[PDB]
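To start, the structure itself, in structure tokens.
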Amino acid sequence: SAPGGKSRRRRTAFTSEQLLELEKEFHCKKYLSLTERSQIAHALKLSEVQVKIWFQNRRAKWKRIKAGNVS
């Protein structure tokens with residue numbers, strides 16, 4: 001896949017807004033808390049699992065960046 005920004009559509013798994021707010025709060029917090037995740041779910045019409053899974057995917061690649069110069 002080709003990571004980066006992504007906006008418009010409003011008709012697939014995530015919108016502009018959904019994708020924007022997500023890369024926002026994965027910048028500062030490495031892990032959303034219970035309340036933060038629930039809050040973001042209300043705004044973004046997502047659910048705590050969907051938010052967890054997006055954030056988990058973003059967080060995984062970071063592990064092979066941060067310390068992954070072991071190959």
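Chain labels follow the order of the structure tokens: the first chain is A, the next B, and so on; residue numbering restarts at 1 in every chain, and ligands are counted from 1 in their shown order.
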
Worksheet entry | Nearby residues (only C-alpha atoms) at most 9 Å from range 48-62 of chain A, same-chain spacing under 4 positions excluded, as a VMD selection string | chain A and resid 22 to 23 26 30 to 32 34 37 to 38 40 to 41 66 to 68

With N, CA, C and O atoms retained, export the selected residues as a JSON list (two decimals), in the first residue's frame.
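Output (selection-v7.json):
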```
[["chain", "number", "residue", "atom", "x", "y", "z"],
["A", 22, "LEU", "N", -7.27, 10.92, 13.42],
["A", 22, "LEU", "CA", -6.57, 9.71, 13.80],
["A", 22, "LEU", "C", -5.06, 9.94, 13.78],
["A", 22, "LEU", "O", -4.37, 9.63, 14.76],
["A", 23, "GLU", "N", -4.52, 10.45, 12.67],
["A", 23, "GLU", "CA", -3.11, 10.77, 12.63],
["A", 23, "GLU", "C", -2.78, 11.94, 13.56],
["A", 23, "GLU", "O", -1.63, 12.07, 13.98],
["A", 26, "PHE", "N", -2.62, 10.00, 17.15],
["A", 26, "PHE", "CA", -1.49, 9.08, 17.20],
["A", 26, "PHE", "C", -0.17, 9.86, 17.16],
["A", 26, "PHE", "O", 0.91, 9.26, 17.24],
["A", 30, "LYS", "N", 0.72, 7.90, 22.41],
["A", 30, "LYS", "CA", 1.00, 6.61, 21.76],
["A", 30, "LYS", "C", -0.17, 5.65, 21.98],
["A", 30, "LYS", "O", -0.35, 4.73, 21.17],
["A", 31, "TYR", "N", -0.98, 5.84, 23.02],
["A", 31, "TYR", "CA", -2.12, 5.01, 23.36],
["A", 31, "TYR", "C", -3.25, 5.90, 23.87],
["A", 31, "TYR", "O", -3.11, 6.54, 24.92],
["A", 32, "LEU", "N", -4.37, 5.90, 23.15],
["A", 32, "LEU", "CA", -5.61, 6.46, 23.66],
["A", 32, "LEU", "C", -6.04, 5.67, 24.89],
["A", 32, "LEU", "O", -6.00, 4.43, 24.89],
["A", 34, "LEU", "N", -9.27, 4.94, 27.67],
["A", 34, "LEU", "CA", -10.66, 4.52, 27.57],
["A", 34, "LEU", "C", -11.56, 5.68, 27.16],
["A", 34, "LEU", "O", -12.29, 5.59, 26.17],
["A", 37, "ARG", "N", -10.59, 7.44, 23.71],
["A", 37, "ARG", "CA", -11.04, 6.57, 22.64],
["A", 37, "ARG", "C", -12.55, 6.69, 22.47],
["A", 37, "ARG", "O", -13.01, 6.85, 21.34],
["A", 38, "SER", "N", -13.33, 6.63, 23.55],
["A", 38, "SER", "CA", -14.78, 6.75, 23.53],
["A", 38, "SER", "C", -15.19, 8.12, 22.95],
["A", 38, "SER", "O", -16.04, 8.17, 22.05],
["A", 40, "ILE", "N", -13.40, 10.19, 20.90],
["A", 40, "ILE", "CA", -13.06, 10.19, 19.48],
["A", 40, "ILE", "C", -14.08, 9.34, 18.71],
["A", 40, "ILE", "O", -14.49, 9.73, 17.62],
["A", 41, "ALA", "N", -14.53, 8.19, 19.25],
["A", 41, "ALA", "CA", -15.55, 7.36, 18.62],
["A", 41, "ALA", "C", -16.85, 8.14, 18.38],
["A", 41, "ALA", "O", -17.43, 7.98, 17.31],
["A", 66, "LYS", "N", 11.54, 2.44, 15.12],
["A", 66, "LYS", "CA", 12.20, 3.02, 16.28],
["A", 66, "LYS", "C", 13.46, 2.26, 16.69],
["A", 66, "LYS", "O", 14.47, 2.88, 17.00],
["A", 67, "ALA", "N", 13.36, 0.94, 16.72],
["A", 67, "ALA", "CA", 14.40, 0.03, 17.20],
["A", 67, "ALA", "C", 14.71, -1.05, 16.15],
["A", 67, "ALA", "O", 15.54, -1.93, 16.38],
["A", 68, "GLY", "N", 14.01, -1.01, 15.02],
["A", 68, "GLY", "CA", 14.08, -2.05, 14.00],
["A", 68, "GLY", "C", 15.38, -2.12, 13.18],
["A", 68, "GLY", "O", 15.44, -2.98, 12.29]]
```

Worksheet item: If we count only C-alpha atoms, what is near residue 5 in chain A at a cut-off of 10 Å, once residues fewer than 5 positions away on the same chain are taken out, given as a ChimeraX atom specification?
Response: /A:16,19-20,23

Worksheet item: Hey, what does DSSP flag as alpha helix (DSSP H) within chain A? Can you give it to me as a PyMOL selection string?
Response: chain A and resi 16-28+34-43+48-66

Worksheet item: CA of residue 42 in chain A and CA of residue 18 in chain A are how many Å apart?
Response: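 Between these atoms lies a distance of 11.1 Å.
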
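As for CA of residue 27 in chain A and CA of residue 6 in chain A, they are spaced 16.5 Å apart.
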
Practice prompt. Find the distance between CA of residue 71 in chain A and CA of residue 3 in chain A and write it in Å to one decimal.
Written response: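 Going from CA of residue 71 in chain A over to CA of residue 3 in chain A, I get 22.7 Å.
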